[PDB]
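1. Pasting an experimental structure, sequence included:
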Amino acid sequence: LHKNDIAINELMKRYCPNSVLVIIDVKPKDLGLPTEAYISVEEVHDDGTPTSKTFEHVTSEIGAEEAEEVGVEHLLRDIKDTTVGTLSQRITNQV
Amino acid sequence: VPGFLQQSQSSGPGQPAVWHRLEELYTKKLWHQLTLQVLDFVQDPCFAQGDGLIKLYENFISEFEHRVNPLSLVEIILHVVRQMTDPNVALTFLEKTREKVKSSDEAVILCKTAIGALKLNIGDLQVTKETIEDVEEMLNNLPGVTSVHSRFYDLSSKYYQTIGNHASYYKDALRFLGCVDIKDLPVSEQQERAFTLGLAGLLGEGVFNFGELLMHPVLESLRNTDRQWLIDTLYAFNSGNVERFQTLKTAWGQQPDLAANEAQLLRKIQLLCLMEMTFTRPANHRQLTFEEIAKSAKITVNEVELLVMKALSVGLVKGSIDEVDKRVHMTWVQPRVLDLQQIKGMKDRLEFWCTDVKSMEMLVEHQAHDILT
Amino acid sequence: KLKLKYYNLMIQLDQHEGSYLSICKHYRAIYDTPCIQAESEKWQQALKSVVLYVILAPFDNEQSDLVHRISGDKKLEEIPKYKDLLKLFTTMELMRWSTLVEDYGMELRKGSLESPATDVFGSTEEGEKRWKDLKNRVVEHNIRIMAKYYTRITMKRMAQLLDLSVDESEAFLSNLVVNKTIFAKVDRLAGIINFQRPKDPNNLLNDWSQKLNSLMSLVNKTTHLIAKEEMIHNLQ
């Protein structure tokens, strides 16, 4: 994010009490779970500077409910599932 | 109305020169270059009987012009109040300017700071905390001006002068230390400013060390002008702990206000060394002995209980004390500062973890890479 | 408001013989009558009488938030005896019991309000019962922090720290260990006695789940490290 992304949230704060901006990534490369989440908050500082906004990082997770599971779970058609107990835990030990 | 400003046109030699332009500014009916030129005359030190008379015409301007921000009206009223010498009639007129002016920009923050600046002679303690509490409450939205927060420090510092919870003065002076961007004022004031700041911040009981913010880069140039006994004893409270020569040297340098908090400082450094003794060693090996604490803190074996357990109440360590051999078992630690050449060794402790996991994990799946396919 | 005044009649029954716990919330019920008052001596003596029975009741989880409800009031701190009573409760540590006798021995001469000395020391047998109760409460206050810090201790050092004989240490350790508040280990002949510790599975919960509970912060290290890093880097 460039430093100008703050005022966008400050403009739409009239729409929602707290607007969370989500950085995303169109091309997967690194390092892991894509995108990002930043919430608009005023933390001031321990140095007592005039209040400025440095967006705090919000942890992002990927999930689904029912139909959004149906689409992607059929769309994988790539790697074995899971398989539980053998390759799963050890590849996670690598990654 | 014109003759009212014509009789005040001449304040002395050279004044009517620029005042020939000043009177030509309202003929074109521009009150802004007029605002900057009049405010410059108000900022110009005078008797001053010129601004006291012409403030009614400037009030007449604000009447039909209905616009010009109260900021300039606060800047002129703080110059006039010095010549008025009576804060009461100044409070009636300033609160009149507060109720008679309204704009999208909040005028309550600039008026309450002007009232707080004029409240020093009331003398204090009655309505102070109420309006002082209202300043930063109305400043929370939207603090983009940056100018009034220094005035908030002015009324908050004069609120602290009653003494006044020393521990709070460092937080308020922190607010000032971060409020103003460029100092743009002689260091001869800021050397004693950061001096009594170092006194009230060090003598505070809520802060036992905070050696980190002692190294803050904007105040370190102010400490360079200060004598080095204060900086060295601040390093004693940064690390120390005893270092009995430096904690006495601050008594050589600063006589007053130290006699009351001296024993508090001794307790603060006695609980300060407990984190640094287990932090300095590679350890852990976090179990210490009574001989280590009693020799360092030079206190009797009966008071080391109160010593280490008070640090457990401070929150810097959760450890437990083994009283059979009188040993002290520390747990966790309170991080305070650290240093240069530490980012390097940090890369050594990291890269070793890197090649560890890389090697071993690449050995794990090296065995089972075949069977996968 | 006569029914509220009947509480002052029933406090004689609840405080009379065996219950120091029943006066906890009920002395706060009689405290509501001075709230309507319009009184000075009875109001101020109600503040001290309601703040001085904390030692009477045994230690319990309800006693903590109880004294925390009354703590913070602007009228309460006016008495230096409340400063000492609060000093011993918060942060604990150690204070000489003779100094506690100094502050609690002047309350007979102190006053103004004689009502706390009437409820506590007004009766000879009840006063002595609250003397030994005070002894048991201050030694249990010492045991509470010390037991959590043991590990181990010595018998002779316990005698000089508790300011009482070794047999009195075994007596106070006996009636505290039958209360099963702290499981101790006490052998006087070898001189090595110890309090706590778990006493857990412990091979699974303690060693495993706690160590890798710190590995929660170890795998979250870089997560919040790069966070606060970017925080200080963006604003300046």
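-> Yes, it's here. Numbers count the residues shown, from 1 in each chain, chains lettered A, B, ... in the order given.
2. Next, count neighbours for the nearest residue to residue B:60 once chain neighbours are set aside.
-> In this structure, residue B:60 finds its nearest non-sequential neighbour in residue B:1, 6.9 Å apart by CB to CB, 6 or more residues apart in numbering or on different chains. No exception for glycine: its C-beta is placed from N, CA and C like everyone else's. By other CB atoms under 10 Å in any protein chain shown, 8 other residues sit near residue B:1.
3. Quick check: the gap between residue B:1 and residue B:48.
-> From residue B:1 across to residue B:48, the span is 21 Å (CB to CB, to the nearest Å).
4. before we move on, what SS does the closest residue to residue B:26 other than its chain neighbours have?
-> Distances taken as CB to CB, 6+ apart place residue B:34 nearest to residue B:26, at 5.9 Å, with adjacent residues excluded. When classified by DSSP: H, G, I helix; E, B strand; the rest coil, residue B:34 comes out as helix.
5. residues making contact with stretch C:170-189?
-> Residues outside stretch C:170-189 that contact it (CB atoms under 8 Å, 6 or more residues apart in numbering or on different chains): C:59, C:136, C:139-140, C:143-144, C:147, C:155, C:162, C:164, C:166, C:193-196, C:199.
6. Which entries within those meet the buried criterion?
-> Neighbour counting with 16 or more other CB atoms under 10 Å in any protein chain shown marks C:136, C:139-140, C:143, C:147, C:155, C:162, C:164, C:193-196 as buried within those.
7. For residue B:232, give me its contacts.
-> By CB under 8 Å, 6+ apart, the residues touching residue B:232 are B:246, B:249.
8. Quick check: phi and psi on it?
-> Main-chain dihedrals, residue B:232, degrees, to the nearest 10: phi -70, psi -40.
9. what about the lengthiest helix in chain C, distance to the chain center?
-> Ordering each helix of chain C by length in residues (DSSP state H) puts helix C:124-149 first. Mean C-alpha position of helix C:124-149 versus that of the full chain (CA atoms, centre = their mean, to the nearest Å) differs by 9 Å.
10. One more: stretch B:103-121?
-> The answer for stretch B:103-121 is 20 Å, by CA atoms, centre = their mean.
11. now what about that stretch, what contacts it?
-> For stretch B:103-121, the external contacting residues (CB under 8 Å, 6+ apart) are B:67, B:69-71, B:74, B:77-78, B:81, B:87, B:90-91, B:94-95, B:97-98, B:101, B:127-128, B:131-132, B:134-135, B:138-139, B:145, B:148, B:151-152, B:154-155, B:158.
12. where along chain C do the helices fall?
-> In chain C, the helices defined using DSSP H lie at C:2-14, C:23-29, C:32-36, C:41-51, C:61-70, C:80-89, C:97-105, C:115-119, C:124-149, C:155-162, C:166-177, C:211-219, C:221-234.
13. Of the ones you listed, which is nearest residue B:238?
-> Taking CB to CB, helix C:221-234 is the member of the helices of chain C nearest to residue B:238, at 20.3 Å.
14. That closest one: which residues count as buried?
-> Using 16+ other CB under 10 Å as the test for burial, helix C:221-234 gives residue C:230.
15. what angle sits between it and helix C:211-219?
-> Between helix C:221-234 and helix C:211-219, the angle comes out at 30 degrees (axes from the mean of the first three to the mean of the last three CA atoms, to 10 degrees).
16. Check which helices and strands helix C:221-234 is in contact with.
-> strand A:56-57 (3 or more CB pairs under 8 Å, 6 or more residues apart in numbering or on different chains; DSSP states H and E).
17. what packs against the strand it packs on?
-> Strand A:56-57 sits against strand A:38-39, helix C:221-234, with contacts defined as 3+ CB pairs under 8 Å, 6+ apart.
18. Same list, these, but as a markdown table with distance to residue C:174 please.
-> Shown next, in a markdown table, are the helices and strands packed on strand A:56-57 (distance: least, CB to CB, whole Å):
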| stretch | distance to residue C:174 |
| --- | --- |
| strand A:38-39 | 57 |
| helix C:221-234 | 48 |
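19. How many residues are close by the spatially closest residue to residue C:198 that is not a sequence neighbour?
-> Computed as CB to CB, 6+ apart, the closest residue to residue C:198 that is not its neighbour in sequence is residue C:206, at 6.3 Å. A total of 14 residues lie near residue C:206 under the criterion other CB under 10 Å.
20. Distance of the most centrally placed residue in chain A relative to residue C:230?
-> By CA atoms, centre = their mean, chain A has its centre lying nearest to residue A:36, at 3.1 Å. Per CB to CB, residue A:36 is found 11 Å from residue C:230.
21. okay, and the common contacts of the two?
-> residue A:57.
22. how about the helices of the stretch 151-300 of chain B, start to end?
-> B:166-179, B:187-202, B:217-225, B:228-238, B:244-253, B:258-280, B:290-296 (DSSP state H, counting those that start in this stretch).
23. buried set for whichever strand or helix holds residue B:311?
-> Using DSSP states H and E, residue B:311 falls within helix B:303-314. Buried residues in helix B:303-314, counted by 16+ other CB under 10 Å: B:304-312, B:314.
24. phi, psi of the nearest residue to residue B:48 once chain neighbours are set aside?
-> In space, residue B:48 comes closest to residue B:83 once its chain neighbours are excluded; the distance is 5.1 Å by CB to CB, 6+ apart. Taking degrees, to the nearest 10, you get phi -80, psi -20 for the backbone angles of residue B:83.
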